[PDB]
Every structure is written in C-alpha cells, then in structure tokens.
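The chain below stands alone and is given as structure tokens, in the form deposited without the partner chain.
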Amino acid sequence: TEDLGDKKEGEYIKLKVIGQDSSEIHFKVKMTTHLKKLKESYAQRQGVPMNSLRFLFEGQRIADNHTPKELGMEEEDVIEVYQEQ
C-alpha cells in the first residue's frame, strides 16, 4: 500500500546543493514536494537559521512552496546556497 502510494507519486530526483564553501549535499525529492523541506533540512545540517539563507536554482529564488515541477527541475540539477541579502 505504502509502496503503491510511493510509485503513484513517481520517482525521486537527486539534486545537488552547493554551499558558500563549495561543499555539496545531495537531496532526493519528488516532483510535487515543496522545497521548504529541503531548505529546512539543509539549514539544519549547516547549523544556521533557514531565513539566513537564500536558495537559488539557475539564479532564481526558490520559494518555500516551489516544487521541482514548477521549477522545471530534473535529475542532477543544482541548487546554490548564498547568504540572505
């Protein structure tokens, strides 16, 4: 049931999140996942507030409720992390 629930939603894509120090963490998300969950996980692993960071896709700000589908993201796409302005 859980397995059939998962596959209806499709596959995970694997994104690479590149930090200010050029370190890298990959995240798997589904195409309809809100990226706030990625932003929060990344911030949590870096020890900093989420709102101290801005997350860009091809230079565009990623909103909390953006999804990979909305952004046109694909397997192996990159998210860049910068300090909030």
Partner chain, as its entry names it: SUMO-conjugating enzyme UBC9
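Numbering follows the first chain given and starts at 1.
The mean Cα B-factor in the deposited entry runs higher for 6-14 than for the other of 67-75 and 6-14.
With 39-47 and 56-64 compared on mean CA B-factor from the PDB entry, the stretch scoring higher is 39-47.
Below, we refer to the form solved in complex with the partner chain, which is not included among the displayed structures.
The partner is not shown here, but in the deposited complex the stretch 62-84 reaches within 4.5 angstroms of the partner chain through a heavy atom at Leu71, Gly72, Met73, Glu74, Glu76, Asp77, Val78, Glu80, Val81, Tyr82.
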